[PDB]
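Colleague:
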Amino acid sequence: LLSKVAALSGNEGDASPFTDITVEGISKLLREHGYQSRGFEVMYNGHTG
Amino acid sequence: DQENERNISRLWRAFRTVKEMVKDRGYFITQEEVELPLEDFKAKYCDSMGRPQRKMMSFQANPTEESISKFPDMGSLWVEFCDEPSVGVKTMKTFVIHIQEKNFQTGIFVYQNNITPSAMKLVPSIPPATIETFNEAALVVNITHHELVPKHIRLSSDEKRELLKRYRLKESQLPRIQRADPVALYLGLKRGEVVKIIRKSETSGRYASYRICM
Amino acid sequence: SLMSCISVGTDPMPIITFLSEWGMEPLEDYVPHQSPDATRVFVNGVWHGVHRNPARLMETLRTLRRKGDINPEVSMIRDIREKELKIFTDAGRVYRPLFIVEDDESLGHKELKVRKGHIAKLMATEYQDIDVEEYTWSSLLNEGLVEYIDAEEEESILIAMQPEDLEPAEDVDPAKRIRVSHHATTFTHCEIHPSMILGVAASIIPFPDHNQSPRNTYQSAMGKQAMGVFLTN
Amino acid sequence: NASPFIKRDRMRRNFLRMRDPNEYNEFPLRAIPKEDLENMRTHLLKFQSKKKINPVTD
Amino acid sequence: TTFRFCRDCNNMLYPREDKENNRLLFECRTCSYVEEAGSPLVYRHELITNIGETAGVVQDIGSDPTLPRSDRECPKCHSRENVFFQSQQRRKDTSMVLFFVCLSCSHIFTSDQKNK
Amino acid sequence: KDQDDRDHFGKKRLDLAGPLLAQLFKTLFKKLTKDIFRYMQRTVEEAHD
Amino acid sequence: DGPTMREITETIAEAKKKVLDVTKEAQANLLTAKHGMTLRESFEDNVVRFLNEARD
Amino acid sequence: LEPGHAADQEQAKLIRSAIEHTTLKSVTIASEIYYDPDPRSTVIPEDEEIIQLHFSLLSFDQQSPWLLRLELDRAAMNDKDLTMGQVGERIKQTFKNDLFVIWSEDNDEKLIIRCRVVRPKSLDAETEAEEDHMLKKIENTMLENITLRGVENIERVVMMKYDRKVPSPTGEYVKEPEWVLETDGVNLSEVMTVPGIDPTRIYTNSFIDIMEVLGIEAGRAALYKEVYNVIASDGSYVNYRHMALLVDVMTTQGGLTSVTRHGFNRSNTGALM
Amino acid sequence: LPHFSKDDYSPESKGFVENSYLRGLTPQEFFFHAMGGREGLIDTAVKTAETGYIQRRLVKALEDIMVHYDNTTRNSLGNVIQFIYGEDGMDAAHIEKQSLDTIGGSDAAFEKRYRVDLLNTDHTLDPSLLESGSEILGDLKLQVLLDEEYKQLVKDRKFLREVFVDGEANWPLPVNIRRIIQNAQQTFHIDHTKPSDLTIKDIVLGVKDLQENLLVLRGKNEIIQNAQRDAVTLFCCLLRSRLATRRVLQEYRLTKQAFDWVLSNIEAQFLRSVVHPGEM
Ligand SMILES: [Zn+2]
Ligand SMILES: [Zn+2]
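Chains as they are written, first to last, in the authors' numbering: chain A, 1030 to 1078; chain B, 2 to 215; chain C, 540 to 669, 675 to 714, 722 to 784; chain D, 17 to 35, 94 to 132; chain E, 2 to 117; chain F, 393 to 441; chain G, 672 to 727; chain H, 1120 to 1177, 1184 to 1398; chain I, 784 to 1063.
#1: CB-CB under 6 angstroms to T55(E), same chain, minus the five flanking residues each way: which ones, in chain order?
#2: Please compile the residues from chain H whose C-beta is within a distance smaller than 8 angstroms of the C-beta of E801(I).
#3: What I want to know is whether the C-beta of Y15(E) ends up closer than 7 angstroms to one or more non-hydrogen atoms of ligand 1.
#4: Taking one C-beta from the region 1164-1172 of chain H and one from the region 69-78 of chain E each time, how about it: are there three or more such pairs within less than 8 angstroms?
#5: Apply the 10 Å Cβ neighbour rule to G1344(H) and answer buried if 16 or more other Cβ atoms are within range, or exposed otherwise.
#6: Does any C-beta atom of chain E lie closer than 8 angstroms to the C-beta of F721(G)?
#7: Could you pull out every unbroken beta strand (DSSP E) segment of at least 3 residues lying fully inside the region 21-67 of chain E, listed in chain order?
#8: According to DSSP, which residues form a beta bridge with residue 1182(H)?
#9: Drop a sphere of 10 angstroms on the beta-carbon of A891(I), count the other beta-carbons inside from all chains shown, and report buried for 16 or more, exposed for fewer.
#10: Assuming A752(C) contacts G779(C) (C-beta within less than 8 angstroms), just tell me the rounded distance between them.
#11: Can you give me, in chain order, the residues of the region 852-873 of chain I that have a beta carbon less than 9 angstroms from any beta carbon in chain B?
#12: For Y933(I), does the three-state DSSP call read helix, strand or coil?
#13: Which residues in chain H sit within 8 angstroms of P16(E), going by Cβ to Cβ distance?
#14: Quick check: what's the CA-CA separation for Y666(C) versus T549(C)?
#15: Would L164(B) and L156(B) qualify as a contact pair, given that the criterion is a beta-carbon distance under 8 angstroms?
#16: Any beta carbon of chain K sitting closer than 8 angstroms to that of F31(D)?
#17: Taking a contact to mean a Cβ-Cβ separation below 8 angstroms, would you say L1120(H) touches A1131(H) in this structure?
#18: Between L956(I) and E879(I), which are expected to be in contact by the criterion C-beta below 8 angstroms, what is the C-beta distance as a whole number of angstroms?
#19: Against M1317(H), what residues of chain B qualify as contacts under a CB-to-CB distance less than 7 angstroms, listed in chain order?
#20: Strictly below 8 angstroms CB to CB, what residues from chain I border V690(G)?
#21: Please list, in chain order, all residues of the same chain as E1264(H) whose beta carbon is under 8 angstroms from its beta carbon, the five residues on each side excluded.
#22: Could you have a look at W13(B) and say whether DSSP puts it in helix, strand or coil?
#23: Exposed or buried, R33(D), counting other C-beta atoms within 10 Å across all chains shown (16 or more means buried)?
#24: Hey, would you say residue 1074(I) sits closer than 8 angstroms to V800(I), going by beta carbons?
#25: Could you check whether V999(I) and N854(I) sit closer than 8 angstroms to each other, using their CB atoms as the reference points?
#26: Return the chain-ordered list of same chain residues with a C-beta closer than 8 angstroms to the C-beta of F738(C), the five sequence neighbours on each side being excluded.
#27: Using a Cβ cut-off of 9 angstroms, which residues of the region 1300-1333 of chain H contact any Cβ in chain B, in chain order?
#28: So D1257(H) and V84(E) are supposed to be a Cβ contact under 8 angstroms. How far apart are they, rounded?
#29: Can you give me, in chain order, the residues of the region 1036-1057 of chain A that have a beta carbon less than 8 angstroms from any beta carbon in chain I?
#30: Relative to chain I, which residues along the region 51-76 of chain B have a C-beta separation below 8 angstroms, given in chain order?
#31: Quick one, are the C-beta atoms of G1275(H) and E1129(H) less than 8 angstroms apart?
#32: Determine contact between the region 856-872 of chain I and the region 933-950 of chain I, defined as no fewer than three beta-carbon pairs at a distance below 8 angstroms.
#33: Using a Cβ-Cβ cutoff of 8 angstroms, what residues of the region 1026-1055 of chain I are near chain A? List them in chain order.
#34: For ligand 2, which residues have a Cβ under 6 angstroms from at least one heavy atom, in chain order?
#35: Unbroken beta strand (DSSP E) runs of length 3 or more, entirely within the region 810-884 of chain I: which are they?
#36: Could you please give the first and the last residue of the uninterrupted beta strand (DSSP E) stretch that includes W586(C)?
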């Protein structure tokens, strides 16, 4: 989830163990980029489409 | 006088257990005397002051008719309860003389504390008669009544011969049971004597096993 | 660990002579019954004497170490309950740095001696290389802002995990983890950062505090088995 | 609720951009001449006992 | 129990009986020095002992930073500052009672409410 | 007082290359010094230069 | 969801308070050790059980 | 417990105490050696009444002047149901007639026992030096090798309530609670004889004691039970025959042969094997 | 840790992780959680070595034990370990857990399910269960057969309770009789309404003769015959309980063709479950 936001925002994620970073905070940034907050995406089967 | 009552209760239980041992070995013992009430025991095996007399407790047992047919070699059995705690050579010497005098095939000796080595070494001294020593404390509770202990039945010479013949075995190929085994001592097994152990199996209900004394 | 260092040891004699000049009574004239309150002074496990006012000696000894007269690697422990003062100078002891916390009654509560002014010059020297006066880790150590502490000396100090909440005298975001303040007003040191407890291999794991402990151990082993660029030559 | 990025590549530039009365009786003290301190050794004698040991009388 | 020491050689005295007066004497074993005992007790073996409950209390106990603080009232000077600790006996049979030491009068009190 | 804990890291010491080499050099130097004197005894007794 | 987390938080908080309650009485010496156990072992058992149930 | 008193809790305490091993060391705080010149008056304020009680109610000429005193905990003697009468007489029979002992009543504020060693007709001049040493020596023994009651090698006993399914008078199986005693330490031969217990149901964790008390077949059943518990402790289930075959092999020679190099490997099955 | 005060017994001090993995662990919780994990890793390594040695010892002790063609379990020396493998002579691969319907239940339930009477009207058999129900009432020859069956069932209940003191009824047994009955009902499409053509005499004799075909030992002497009877005592109890006169006519409603089919399967299934000689 952090890497997805970092790639979209062109930043380097802060994955240090003990910090104020939370999943909800990362989720808010991800939703601001037009993606589902929890990282789920709608995909299509490659064999049948 | 609480200790006096405790000793009487222990002695009564030991006497009750010894009766079962004689009865199970194949001797004519009636169930009535086996289940002798405690008050009746005090009325017959005590005196005015209360403390019991071990000498009067000694009795004689004879093989029952059924046992004779299966084992036509069993003789009389004499059970003696020693009075004084320390069993010395003198008491043992007269005890062994007592058995040999009246042609007692087997003699059971019940002591309180211990038998000294010089008395014990005299135990194998009157063949073919057999002498067995039992401690009073060990006889207070009958181990055979324990749920874990299965039923042991001694096999006759004919039965043992058929057992080996049908299974085509040898005496060394059978399971072994130690002579000093508490159950073996209870039944008075001898070398080469096989016992049928009929125990309850959770897979087949009843299972019969054989052990040869070693 | 990342910040762990191992001492090289120095001569203990200079410390022993200092103790004698500051009231360390020789052990040859020690009568236990005529002074049943003296503190036993130990240097490298050798009982060199007793001293009547252990508070003043410890304050003087600590001050000298902080300013730089005594080597920082020298470890000093005062067991108040046991009435023993132990000084260790031998090599092989493992120690790590920590912040120093002092009263500083200007704000009325204990606080780190290091301030934003110091951090300003720490970064100034860091970025000027890529010319202000040099200001390195040694300068902090000589200014009494950081202190080397080993396991033996860890026994007689109180350490605050973070200065954000533990040092200040004393809605909440539901996503944030539950933190214990411990409500202690006698802190003597402060961790540089809790994340420094980990080693080289464990420092590459992202969010190792969100993983089960066995998983962190396994990754440390597999990281050493990963293809990469060990050297540019 | 926080910033999940290690902001770099412009914070380095950012930091680089902003940058008594006579109530006493004192006697004179002088050293012993060396003419009598040669070939002579002065030592300290310490009796280890709980009594008062005095060789003059005891 | 109190140990006694000889006067002439510092060796420790041992009990002795005098049938002439039926009394207790403490006599040295080397130099023949005697002294009448002030008490008739000569031996004690406390199987359950409470000695060492507050061992380690010194004039500067409050200077220890690792000790916890509490707001309990001192029932000798009416002060709220104090440092408390558990029993110092390491036998695995002691209670978890806390001993409180006041920083204003050096008075030691306990939180026990069963026996005190 | 409880028996001292043997796992206490404060009672442990780590020997690095310095101390490790010091003991090796100390042992080897002792052998060298012993060999030197053995030469002196041999040289003196056997009348050799 | 938020309501569940609030309930979870209070469940742990209540257990912590209960652990505190047993601790105070143990410090007061009014706690009687369970049969066949010492004062400290009995106190530890009470705390451990309370915390395990809180997680469950 | 006995089938007629399995559900009763009062009988559990009696038997539990009757088997638990307790020593004078566990019910005493301190032992003191005093010097009372005469065995007629006391120096302690507390015992000024006990001597006046026993002496008035009632030889003492040859009693040693050195006194041996014990302080005992009432809370220790009420956790286990004991009275000073039991404790006092126990010391009396420890030394049949060679010391006089006086014990205070329960109503007294502090429980105390006074003991004096009575000297013989002959007078020994060398024993005076070690007279107090002799008191300490007997004092130590009276703390260690004294069995107030119970069975040796039984550290402690704890009671629990198990549920056993027994047929109902109607004919169905209904579970009812019973009182069971769990013990630390094993003395199978002695405990089995203690009155009040059901000797036909006593079980021992160590199948070694079962083998030497009940028999090899009893040991075989006990050995299987222990193996079954260990495998079933983790929840795994293994068919009965697999466990039985291993147990039978371990007991086919009349004794408990181990699975180590000193057991099955000492048989006569070929050197190559 | 050097972060709390001395003599601290709070849950946080002694290693209670109040957070979750999603929320993260505090530095104190992280170390304590790591300490617990190290215990598992050490235990896993040491336990693997200890268990491997134990496994090797067990195999070497029992490597020479095999089931011979006389159904006896013997080692290399020929010494007898078990006179019959597993005390029943069956293969573990053919054992399934089944419930003994006689041991459990109350006495009243036992009578209502097994007792069948043709003289009285308290436990009478409904005439619509079989085509001969009209003429079966008042027949003494069939009544004694039912009486013999019932007493055998009562003996089984007494024996089973004496074997299993706890009263548990679910125990492993070779042949799954319940599945065989289900197959018979569906294979032959039992009407479940029309009375069956089975007779009381056929059912009682059919089950009795089936017990004789359950052969584990085939010796023709008294000793082997006695062992054969004991080896199938528990299985016969299950067989009689399931194949009871009332249960067959009432609970299962089996037809004569179905009943014969069921008996043949039990005989075939039982013979297939016997231990194969030569098994290690
Ligand atoms: Zn002296
Ligand atoms: Zn105060």
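Where is the CB? At the ideal position from N, CA and C, for every residue including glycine.
Modeller: The answer reads as follows:
#1: Around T55(E): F100, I109.
#2: Taking a Cβ-Cβ threshold of 8 angstroms, none of the residues of chain H is close to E801(I); the smallest such distance is about 30 angstroms.
#3: Because no heavy atom of ligand 1 lies under 7 angstroms away, the Cβ of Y15(E) does not count as near it: no.
#4: These segments do not touch.
#5: Taking every protein chain shown into account, the CB of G1344(H) has 16 or more other CB atoms within 10 angstroms, so this residue is buried.
#6: Chain E, which has no Cβ nearer than 8 angstroms to the Cβ of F721(G), makes this no.
#7: Listed in chain order, they are 24-28, 35-37, 42-47.
#8: In the structure shown, chain H runs from 1177 directly to 1184, leaving residue 1182(H) without coordinates.
#9: Counting of Cβ neighbours within 10 angstroms places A891(I) among the exposed residues, the total staying below 16.
#10: Not quite, the Cβ-Cβ distance comes to about 13 angstroms (not below 8 angstroms), so this is no contact.
#11: Of all residues in the region 852-873 of chain I, the ones placed with a Cβ closer than 9 angstroms to any Cβ belonging to chain B are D853, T855, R857, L860, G861, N862, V863, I864, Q865, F866, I867, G869, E870, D871, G872, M873, in chain order.
#12: Three-state DSSP puts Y933(I) in a helix.
#13: In chain order, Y1154, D1257 make up the part of chain H whose C-beta sits under 8 angstroms from the C-beta of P16(E).
#14: Their Cα atoms are separated by approximately 34 angstroms.
#15: Contact flag set, yes.
#16: Absent here is chain K; the protein component of the structure consists of chains A, B, C, D, E, F, G, H and I.
#17: Yes, Cβ-Cβ distance for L1120(H) and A1131(H) is below 8 angstroms.
#18: Between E879(I) and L956(I) the Cβ distance is about 7 angstroms, and since that is below 8 angstroms, they are a contact.
#19: Chain B residues near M1317(H): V142.
#20: What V690(G) touches in chain I: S793, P794.
#21: Excluding residues within five positions, the ones whose Cβ falls inside 8 angstroms are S1150, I1152, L1193.
#22: Residue state, collapsed to three classes: helix.
#23: Exposed is the call here.
#24: The structure shown does not extend to residue 1074(I), since chain I spans only 784 to 1063, so no value can be given for it.
#25: Going by C-beta atoms, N854(I) is nearer than 8 angstroms to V999(I).
#26: The residues are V640, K649, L702, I703, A704, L710, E711.
#27: Correct list: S1314, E1315, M1317, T1318, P1320, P1324, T1325, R1326, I1327, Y1328.
#28: About 44 angstroms; that fails the 8 angstroms criterion.
#29: Listed in sequence order: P1046, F1047, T1051, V1052.
#30: For the region 51-76 of chain B, which is checked against every Cβ of chain I, not one residue is closer than 8 angstroms.
#31: Their beta carbons are not under 8 angstroms apart, which means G1275(H) does not touch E1129(H) by this criterion.
#32: Touching, no, given that fewer than three Cβ pairs across the two stretches are closer than 8 angstroms.
#33: Hits within the stretch: zero.
#34: Counting only beta-carbon distances shorter than 6 angstroms to the non-hydrogen atoms of ligand 2, the qualifying residues in chain order are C75(E), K77(E), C78(E), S80(E), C103(E), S105(E), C106(E), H108(E).
#35: Listed in chain order, they are 863-865, 879-882.
#36: Element bounds for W586(C): 585-590.
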